[PDB]
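# A look at the structure
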Amino acid sequence: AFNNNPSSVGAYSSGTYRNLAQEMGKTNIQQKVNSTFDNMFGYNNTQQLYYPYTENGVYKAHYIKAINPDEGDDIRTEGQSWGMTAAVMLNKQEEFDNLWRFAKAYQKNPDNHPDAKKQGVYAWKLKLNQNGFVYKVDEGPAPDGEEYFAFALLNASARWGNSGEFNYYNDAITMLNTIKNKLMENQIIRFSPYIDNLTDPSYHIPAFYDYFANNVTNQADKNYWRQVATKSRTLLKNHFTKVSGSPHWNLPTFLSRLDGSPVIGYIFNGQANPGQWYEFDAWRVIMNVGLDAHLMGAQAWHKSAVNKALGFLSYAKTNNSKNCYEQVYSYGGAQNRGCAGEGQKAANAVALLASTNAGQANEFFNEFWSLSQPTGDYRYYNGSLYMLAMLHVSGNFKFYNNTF
């Protein structure tokens, strides 16, 4: 049965990881996790997201392909870093290494870039050109990519050691320094190096920062990352307070000020969507809340955040002619951007790690567990999230500490 009373002591401290799928009475859980990875990382062109990159017939590395039916396929740091995260959780070293090799070679902006703000950050969008060779479309970062890269690299170090192709640990510390020096404002993750007073709630993964603190060597840095963790929980708490009730109706948003206030409308040239939309980034927020609750302990704010968000989505589904909750809401209103797909359902299933409502858990968990693994043109984001959620709900998303 669903544990509707999640512990205030996290798995990171206790060593006890929940297996949400087991709580929900599912069987063949590990087989399903394993096949999810195998199909995502297999050469089937069906679920597959992991693709080799070759130059003049010479194998180089692999990437996570952001399939995109109308703007052209591209390659993103988020997906890359998520793929590495999945690989390390399942002990898939070659896959990890192939993706990290790609990132370091091709996504990383040089440390001597003329724009100091870009030095060592990871270009969020690459493409292959008409001759098949990789190039950077946008050198700006998507800072949760770096966050996941650091996370994944620290875990790789801890599981595999640092005497092979990669000194994972050194690469992780370098990534942490880059986050600190290039991607933070006042200890809050930036949306952009170029805009101040701006964060993206989905980039807040407090438990990662606590893990970082425990995996650096020097006292000042340990304190730094513990403070980032606390400030991240404060940001999320504040954001969830600000989105409660009217007018945001309990869903977190794409962009936020540093006090947690949703950004209203457009604020910069190139912005993809209004700041107050619950959209693709925002989907991940309650997944991150679930993660945090699982790994570092459930507090009242985690439970309220997820219970109220899931509650809104259930209500919104009852008020939808398609009998679905949708992918995009703004001020509690559906934006007609489609019924939830697999990624959103996956994010919501992970959120259950902070839920106290067994009825919500049954509904949201069964909707996720009944899905087939994503295929087709929208599988990059649906399938990347599906993979991460499979790990989270099967007790496979764990923190592996380094030993000093």
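Where the PDB entry is consulted, the chain appears under the name ENDO-1,4-BETA-XYLANASE, with the organism given as Pseudoalteromonas haloplanktis. Within the Protein Data Bank, this record goes by the title "Structure of a cold-adapted family 8 xylanase". Database annotation for the chain, UniProt heading Sequence similarities (unreviewed entry): "Belongs to the glycosyl hydrolase 8 (cellulase D) family." Taken from UniProt, the Catalytic activity (unreviewed entry) comment for the chain reads in full: "Endohydrolysis of (1->4)-beta-D-glucosidic linkages in cellulose, lichenin and cereal beta-D-glucans."

### Re the sheet that holds strand β9 (residues 329–330)
Ordered in space as β8-β9-β10, the 3 strands form an open sheet in which the pairing is antiparallel. Two strands close off the open sheet at either side, each with one partner strand: β8 (277–278) and β10 (333–334). In this structure, β9 lies alongside β10, joined through 2 bridges in antiparallel fashion. For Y329, the partnering residue across the bridge sits in β10 and is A334.

### Overview of the environment of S35
Here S35 lies in helix α3 (residues 29–40). Sequence separation of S35 and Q373 is 338 residues, and the distance between their C-alpha atoms is 9.4 Å.

### Considering the sheet that holds strand β2 (residues 58–66)
Here 5 strands make up an open sheet; going across it, the order is β1-β2-β3-β4-β5 and the pairing antiparallel. Taken across any chain shown, the strands that pair with only one partner, and hence form the sheet edges, are β1 (50–55) and β5 (134–138). Sheet twist, expressed as the mean angle between neighbouring strand axes with direction ignored, is 50°. By the bridge criterion, 2 bridges tie β2 to strand β3 (residues 74–76) in an arrangement that is antiparallel. From the neighbouring strand, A66 faces β3, where its bridge partner is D74. Against the sheet, helix α5 (residues 93–107) engages β1, β2, β3, β4 (125–128) and β5, with an angle of about 90° to β2. Here helix α14 (residues 379–392) sits on the sheet and contacts β1, β2 and β3; the angle it forms with β2, its principal contact strand, is near 90°.

### Describing the environment of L236
Along the polypeptide, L236 turns up in helix α9 (residues 219–243). Residues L236 and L258, spaced 22 residues apart in sequence, show a C-alpha to C-alpha distance of 9.9 Å. In this view, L236 contacts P201, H204, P206, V285 and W301; residues no more than four positions away in its chain are not counted.

### Digging into the packing of helix α12 (residues 342–351) against helix α13 (residues 358–369)
One can describe the packing of α12 onto α13 by two numbers: an axis separation of 9 Å at closest approach and a directional angle of 135°. Taken as axis vectors, α12 and α13 run oblique relative to one another. Where α12 crosses over α13, the handedness of that crossing is left-handed. Judged by residue contacts, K345, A346, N348 and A349 of α12 engage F364, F365, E367 and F368 from α13.

### Topic: unusual backbone geometry
Looking along the chain, the bond that leaves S246 and enters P247 is cis, with omega of 0°. Within the secondary structure, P247 is located in the loop between α9 and β8. For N91, which is not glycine, the phi dihedral falls at a positive 65°. As for its position among the elements, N91 is in the loop between α4 (77–89) and α5. Phi at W249 is positive, roughly 55°, even though this residue is not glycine.

Calculation criteria
Residues carry numbers counted from 1 along their chain as the sequence is written. These may differ from the entry numbering, and residues without coordinates are not shown. The side-chain numbers reported here are obtained from all heavy atoms of the structure, hydrogens and water having been left aside. Residues with missing side-chain atoms are left out of burial classes, side-chain pairs and their counts. UniProt positions are given in the numbering used here, feature names are shortened, and annotations may be inferred rather than shown by experiment. Paired strands are those between which DSSP finds at least two bridges. Secondary structure follows DSSP: runs of H or I at least 4 residues long count as helices, runs of E at least 2 residues long count as strands, and numbering of each begins at the N terminus. To obtain each axis, a line is fitted to C-alpha atoms, and for helices this fit is confined to the stretch in contact; angles are then taken between N-to-C directions over 0 to 180 degrees. In this description, contact between two residues means that some pair of their heavy atoms is separated by no more than 4.5 Å. If an angle is under 35 degrees, it is roughly parallel; if it is over 145, roughly antiparallel; if it lies from 65 to 115, roughly perpendicular; otherwise it is oblique. Should the near helix be turned anticlockwise from the far one by less than a right angle, the crossing is termed left-handed; should it be turned clockwise, right-handed.

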